[PDB]
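Asker: This is coords26.cif (mmCIF, C-alpha atoms and all ligand atoms).
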```cif
data_entry
#
loop_
_atom_site.label_atom_id
_atom_site.label_comp_id
_atom_site.auth_asym_id
_atom_site.auth_seq_id
_atom_site.Cartn_x
_atom_site.Cartn_y
_atom_site.Cartn_z
CA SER A 30 21.80 3.83 -4.82
CA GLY A 31 18.70 1.72 -4.07
CA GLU A 32 17.57 2.85 -0.61
CA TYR A 33 14.45 4.99 -0.26
CA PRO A 34 15.49 8.63 -1.03
CA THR A 35 15.63 11.29 1.65
CA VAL A 36 16.34 15.04 1.58
CA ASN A 37 20.02 14.32 2.12
CA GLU A 38 19.90 12.88 -1.36
CA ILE A 39 17.32 15.43 -2.49
CA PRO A 40 18.21 19.08 -2.93
CA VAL A 41 15.12 21.20 -3.26
CA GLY A 42 14.30 21.25 -6.98
CA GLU A 43 15.39 17.68 -7.77
CA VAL A 44 13.09 14.67 -7.99
CA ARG A 45 13.81 11.00 -7.49
CA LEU A 46 11.71 8.00 -8.42
CA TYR A 47 11.58 4.72 -6.49
CA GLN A 48 10.24 1.51 -7.95
CA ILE A 49 7.58 0.13 -5.59
CA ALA A 50 6.20 -2.77 -7.68
CA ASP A 51 5.77 -3.66 -11.33
CA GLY A 52 4.30 -0.54 -12.94
CA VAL A 53 4.26 1.42 -9.65
CA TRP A 54 6.73 4.09 -8.58
CA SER A 55 6.79 6.70 -5.90
CA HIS A 56 8.18 10.16 -6.58
CA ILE A 57 10.10 12.05 -3.92
CA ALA A 58 10.92 15.74 -3.81
CA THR A 59 11.86 18.30 -1.18
CA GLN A 60 10.49 21.75 -0.46
CA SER A 61 11.02 24.62 1.95
CA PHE A 62 8.00 25.78 3.96
CA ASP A 63 8.06 28.30 6.81
CA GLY A 64 11.85 28.00 7.01
CA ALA A 65 12.16 24.21 7.24
CA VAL A 66 12.81 21.59 4.56
CA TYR A 67 10.54 18.60 4.11
CA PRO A 68 10.40 15.56 1.82
CA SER A 69 7.13 14.51 0.25
CA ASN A 70 5.89 11.57 -1.81
CA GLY A 71 3.59 11.00 -4.73
CA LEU A 72 2.77 8.02 -6.92
CA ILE A 73 3.11 7.02 -10.58
CA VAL A 74 1.10 4.09 -11.96
CA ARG A 75 1.51 2.60 -15.40
CA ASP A 76 -1.75 2.82 -17.39
CA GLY A 77 -1.01 0.75 -20.51
CA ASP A 78 1.31 2.95 -22.57
CA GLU A 79 0.46 6.02 -20.50
CA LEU A 80 1.03 7.03 -16.88
CA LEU A 81 -1.33 8.14 -14.11
CA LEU A 82 0.25 10.57 -11.65
CA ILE A 83 -0.90 10.89 -8.04
CA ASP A 84 0.01 14.27 -6.50
CA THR A 85 2.40 16.98 -7.63
CA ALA A 86 5.99 17.21 -6.38
CA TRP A 87 5.21 20.22 -4.15
CA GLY A 88 5.82 23.26 -6.31
CA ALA A 89 6.00 24.39 -9.91
CA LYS A 90 9.71 23.86 -10.44
CA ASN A 91 9.70 20.55 -8.57
CA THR A 92 6.78 19.37 -10.74
CA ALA A 93 8.60 20.37 -13.94
CA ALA A 94 11.59 18.38 -12.65
CA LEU A 95 9.24 15.46 -11.93
CA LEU A 96 8.04 15.39 -15.54
CA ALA A 97 11.66 15.45 -16.76
CA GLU A 98 12.62 12.64 -14.38
CA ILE A 99 9.68 10.53 -15.59
CA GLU A 100 10.77 11.05 -19.19
CA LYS A 101 14.33 10.00 -18.35
CA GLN A 102 13.47 6.96 -16.21
CA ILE A 103 10.18 5.68 -17.67
CA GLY A 104 9.61 7.38 -21.01
CA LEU A 105 5.81 7.12 -21.16
CA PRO A 106 3.55 10.18 -21.19
CA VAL A 107 1.75 11.35 -18.08
CA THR A 108 -1.83 11.84 -19.26
CA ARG A 109 -3.83 12.29 -16.04
CA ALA A 110 -3.12 13.40 -12.47
CA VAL A 111 -5.16 13.12 -9.29
CA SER A 112 -4.48 15.33 -6.26
CA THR A 113 -5.38 13.68 -2.97
CA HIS A 114 -6.08 16.87 -0.98
CA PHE A 115 -5.83 20.63 -1.34
CA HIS A 116 -2.42 21.42 0.25
CA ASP A 117 0.54 22.65 -1.80
CA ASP A 118 2.32 19.29 -1.56
CA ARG A 119 -0.59 17.81 -3.55
CA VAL A 120 -1.73 20.61 -5.91
CA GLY A 121 1.31 22.92 -6.10
CA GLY A 122 2.41 22.23 -9.66
CA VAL A 123 -1.05 21.59 -11.15
CA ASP A 124 -0.58 24.67 -13.39
CA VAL A 125 2.68 23.14 -14.70
CA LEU A 126 0.91 19.82 -15.33
CA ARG A 127 -1.99 21.48 -17.11
CA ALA A 128 0.40 23.44 -19.38
CA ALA A 129 2.17 20.17 -20.21
CA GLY A 130 -1.12 18.67 -21.40
CA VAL A 131 -1.86 16.57 -18.30
CA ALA A 132 -5.55 16.40 -17.37
CA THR A 133 -5.80 17.23 -13.64
CA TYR A 134 -8.46 15.86 -11.30
CA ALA A 135 -9.53 16.16 -7.65
CA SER A 136 -12.71 15.77 -5.65
CA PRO A 137 -15.08 18.75 -5.55
CA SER A 138 -14.19 19.08 -1.85
CA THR A 139 -10.50 19.44 -2.70
CA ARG A 140 -11.23 21.88 -5.55
CA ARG A 141 -13.34 24.13 -3.27
CA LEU A 142 -10.72 24.10 -0.50
CA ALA A 143 -7.89 24.80 -2.94
CA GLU A 144 -9.81 27.70 -4.47
CA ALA A 145 -10.67 29.19 -1.07
CA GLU A 146 -7.03 28.94 0.09
CA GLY A 147 -5.51 30.36 -3.08
CA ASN A 148 -3.82 27.11 -4.06
CA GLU A 149 -3.68 25.73 -7.60
CA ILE A 150 -6.91 24.12 -8.71
CA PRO A 151 -7.23 20.80 -10.61
CA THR A 152 -9.45 21.12 -13.67
CA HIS A 153 -11.82 18.15 -13.35
CA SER A 154 -14.07 17.08 -10.46
CA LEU A 155 -14.14 13.50 -9.17
CA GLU A 156 -17.71 12.65 -8.18
CA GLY A 157 -18.72 9.63 -6.19
CA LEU A 158 -16.33 10.28 -3.27
CA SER A 159 -18.29 12.59 -0.99
CA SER A 160 -19.28 10.08 1.73
CA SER A 161 -16.81 8.19 3.92
CA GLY A 162 -16.28 4.67 2.59
CA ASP A 163 -16.89 5.74 -0.99
CA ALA A 164 -14.68 4.29 -3.71
CA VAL A 165 -14.38 4.82 -7.47
CA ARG A 166 -12.13 3.44 -10.19
CA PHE A 167 -9.71 5.74 -12.02
CA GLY A 168 -7.57 3.94 -14.57
CA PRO A 169 -5.39 1.36 -12.82
CA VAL A 170 -6.24 2.55 -9.29
CA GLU A 171 -9.13 2.76 -6.89
CA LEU A 172 -9.70 6.08 -5.14
CA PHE A 173 -11.15 5.84 -1.62
CA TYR A 174 -12.47 8.53 0.70
CA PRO A 175 -11.88 7.29 4.28
CA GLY A 176 -13.35 10.29 6.08
CA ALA A 177 -11.70 13.32 7.61
CA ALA A 178 -8.17 12.76 8.91
CA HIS A 179 -5.17 14.90 7.95
CA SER A 180 -7.71 17.03 6.06
CA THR A 181 -11.45 16.79 5.49
CA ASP A 182 -10.92 16.00 1.79
CA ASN A 183 -8.04 13.52 1.93
CA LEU A 184 -8.22 10.59 -0.47
CA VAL A 185 -6.26 7.37 -0.48
CA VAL A 186 -5.29 5.38 -3.55
CA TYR A 187 -5.04 1.59 -3.99
CA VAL A 188 -3.27 -0.16 -6.84
CA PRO A 189 -5.04 -3.55 -6.99
CA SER A 190 -2.57 -5.20 -9.37
CA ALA A 191 0.21 -4.76 -6.80
CA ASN A 192 -1.64 -4.42 -3.48
CA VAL A 193 -0.06 -1.01 -3.01
CA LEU A 194 -1.85 1.38 -0.63
CA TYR A 195 -0.90 5.03 -1.09
CA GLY A 196 -2.19 6.66 2.07
CA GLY A 197 -1.16 10.20 1.29
CA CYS A 198 -0.96 12.57 4.22
CA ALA A 199 -3.57 10.66 6.22
CA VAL A 200 -0.82 8.08 6.82
CA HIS A 201 2.51 8.72 8.55
CA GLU A 202 5.78 6.88 8.36
CA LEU A 203 6.87 4.55 11.17
CA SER A 204 9.66 6.80 12.44
CA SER A 205 7.28 9.71 12.91
CA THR A 206 6.90 11.11 16.41
CA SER A 207 4.23 13.69 15.68
CA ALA A 208 1.16 13.95 13.48
CA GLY A 209 2.78 16.41 11.04
CA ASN A 210 0.96 19.55 9.99
CA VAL A 211 -2.45 19.23 11.64
CA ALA A 212 -3.77 22.72 10.91
CA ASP A 213 -6.60 21.36 8.73
CA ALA A 214 -6.95 17.97 10.44
CA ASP A 215 -9.72 16.32 12.43
CA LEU A 216 -7.75 14.54 15.18
CA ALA A 217 -10.92 13.04 16.70
CA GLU A 218 -12.11 11.51 13.41
CA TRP A 219 -8.66 10.51 12.10
CA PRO A 220 -8.46 7.13 13.94
CA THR A 221 -11.93 6.19 12.68
CA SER A 222 -10.88 7.10 9.15
CA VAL A 223 -7.72 4.98 9.52
CA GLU A 224 -9.84 2.08 10.78
CA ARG A 225 -11.93 2.41 7.59
CA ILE A 226 -8.76 2.14 5.50
CA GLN A 227 -7.63 -0.93 7.44
CA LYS A 228 -11.00 -2.62 6.94
CA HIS A 229 -11.16 -1.80 3.25
CA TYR A 230 -7.59 -2.78 2.28
CA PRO A 231 -6.60 -5.73 4.49
CA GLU A 232 -4.39 -7.24 1.78
CA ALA A 233 -2.20 -4.18 1.28
CA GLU A 234 1.46 -5.22 0.98
CA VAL A 235 3.12 -1.80 0.71
CA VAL A 236 1.79 1.31 2.44
CA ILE A 237 3.17 4.67 1.29
CA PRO A 238 2.81 7.76 3.53
CA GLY A 239 2.47 11.29 2.23
CA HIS A 240 5.89 12.08 3.71
CA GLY A 241 8.66 9.59 4.52
CA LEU A 242 9.44 5.92 4.11
CA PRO A 243 7.05 3.26 2.81
CA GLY A 244 6.45 0.16 4.89
CA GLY A 245 3.69 -2.33 5.52
CA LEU A 246 0.27 -2.26 7.14
CA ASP A 247 1.85 -1.24 10.48
CA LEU A 248 1.95 2.35 9.20
CA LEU A 249 -1.82 2.51 9.65
CA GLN A 250 -1.88 1.55 13.34
CA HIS A 251 1.19 3.67 13.99
CA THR A 252 -0.60 6.67 12.45
CA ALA A 253 -3.61 6.18 14.69
CA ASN A 254 -1.24 5.96 17.69
CA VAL A 255 0.66 9.16 16.89
CA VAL A 256 -2.56 11.05 16.17
CA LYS A 257 -4.21 9.95 19.44
CA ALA A 258 -1.11 11.04 21.37
CA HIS A 259 -0.97 14.39 19.57
CA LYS A 260 -4.64 15.02 20.42
CA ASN A 261 -3.84 14.17 24.05
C1 LIG B 1 2.21 21.75 2.21
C2 LIG B 1 1.57 21.52 3.60
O1 LIG B 1 0.71 22.59 3.88
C3 LIG B 1 0.00 22.40 5.07
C4 LIG B 1 -0.59 23.73 5.49
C5 LIG B 1 -1.73 23.77 6.25
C6 LIG B 1 -2.27 24.98 6.64
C7 LIG B 1 -1.65 26.16 6.27
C8 LIG B 1 -2.26 27.49 6.70
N1 LIG B 1 -3.18 27.88 5.65
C9 LIG B 1 -0.50 26.12 5.50
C10 LIG B 1 0.04 24.90 5.11
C11 LIG B 1 2.68 21.35 4.66
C12 LIG B 1 3.63 22.33 4.93
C13 LIG B 1 4.66 22.11 5.86
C14 LIG B 1 4.74 20.92 6.57
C15 LIG B 1 3.77 19.92 6.34
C16 LIG B 1 3.58 18.65 6.88
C17 LIG B 1 4.48 18.03 7.93
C18 LIG B 1 4.86 18.75 9.04
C19 LIG B 1 5.71 18.17 9.98
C20 LIG B 1 6.19 16.87 9.79
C21 LIG B 1 7.13 16.19 10.80
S1 LIG B 1 8.87 16.62 10.46
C22 LIG B 1 9.38 16.05 8.80
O2 LIG B 1 9.11 18.05 10.69
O3 LIG B 1 9.79 16.02 11.46
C23 LIG B 1 5.79 16.19 8.66
CL1 LIG B 1 6.32 14.54 8.34
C24 LIG B 1 4.95 16.76 7.73
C25 LIG B 1 2.47 18.13 6.24
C26 LIG B 1 1.80 16.81 6.48
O4 LIG B 1 1.66 16.43 7.70
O5 LIG B 1 1.28 16.23 5.48
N2 LIG B 1 2.02 19.02 5.37
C27 LIG B 1 2.78 20.13 5.39
ZN ZN B 2 -1.69 18.17 3.73
ZN ZN B 3 1.35 16.41 3.49
#
```
Represent the structure contained in this file as structure tokens.
Answerer:
Amino acid sequence: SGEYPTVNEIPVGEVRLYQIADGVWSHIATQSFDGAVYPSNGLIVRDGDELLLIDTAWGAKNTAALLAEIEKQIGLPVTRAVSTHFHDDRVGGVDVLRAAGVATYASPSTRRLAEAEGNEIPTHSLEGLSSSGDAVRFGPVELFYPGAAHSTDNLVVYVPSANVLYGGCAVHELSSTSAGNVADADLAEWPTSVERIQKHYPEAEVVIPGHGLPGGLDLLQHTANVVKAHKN
């Protein structure tokens, strides 16, 4: 009823949307992984009379439910999707999107890692993002590669019309006490990559983590703090 959704409002298989700003929503879903249940976020950005989707809802059935929820709540077609790294919470559901006519995109780094891992593979490669600090436009957003952090391929997304920074899994929520799933992370480089985000997007007003509650710019420093403490 208006607060940011959590698993206690989200059975696995259901999707909720949350209005972030004019023409910007997050999507929230829950999934089971290794015997525990987790929430995860993605983004939806209005692109004229179409929608740009950032990240799947972590699974085929969740992503089908996401498309149905978008039709119910927004009613504009999702035409393109970008996955911000190669893990299942970002690409799991790409096959569903592709069969629903959505054009799916990711960096070549993400595509190679997804393929090697056996995860679903976005169709189209996003060039121009291979060096840290790189940025490219994609419809109503800017895609930015900050360097290795949560994963070597992680991208962040900025919505300039609303000063919304979608950090994906390189950014953690304020209540977090650990750095999440670090199996593919670079804990030593992560703070430097976060510093690059801070320098590039100093006017961000909303910061959205890959998992958990949005907040403000403090999520960036908090993420560096939790990562440094995990490393140590
Ligand atoms: C889908 C993704 O795959 C990662 C992966 C990597 C490698 C392998 C081996 N090839 C297999 C899978 C995945 C799966 C499960 C958990 C996570 C978490 C996560 C973990 C703990 C917490 C704290 S919490 C809520 O427990 O208190 C939080 Cl927030 C987030 C993240 C994340 O940090 O982004 N990503 C996750
Ligand atoms: Zn991940
Ligand atoms: Zn994640």
Asker: What's the separation between CA of residue 182 in chain A and CA of residue 241 in chain A, in Å to one decimal place?
Answerer: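 Answer for the CA of residue 182 in chain A to CA of residue 241 in chain A separation: 20.8 Å.
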Asker: Between A:48, A:227, A:180, A:60, which residue has the minimum interatomic distance to ligand ZN 2 (chain B), considering all atoms listed in the file?
Answerer: A:180
Asker: So which one's closest to residue 82 in chain A, A:65, A:184, A:53, A:237? Using only C-alpha atoms, please.
Answerer: A:53
Asker: Using all atoms listed in the file, which protein or nucleic acid residues come within 7 Å of residue 153 in chain A? Drop anything in the same chain fewer than 2 positions from it, and give the result as a list in words.
Answerer: residues 133, 134, 135, 151 and 155 of chain A
Asker: Determine, counting only C-alpha atoms, which protein, DNA and RNA residues have an atom within 6 Å of an atom of residue 170 in chain A; residues of the same chain fewer than 3 positions away are not included. Present the result as a list in words.
Answerer: residues 167, 187 and 188 of chain A
Asker: Return as AutoDock Vina command-line options the box centre and box size in Å, one decimal, for an axis-aligned box around all listed atoms of range 171-178 of chain A padded by 8 Å per side.
Answerer:
```
--center_x -10.8 --center_y 8.0 --center_z 1.0 --size_x 21.2 --size_y 26.6 --size_z 31.8
```
Asker: Hey, which residues come within 9 Å of ligand ZN 2 (chain B) if we count all atoms listed in the file? Could you give them as a PyMOL selection string?
Answerer: chain A and resi 113-119+179-180+183+197-199+209-214+239
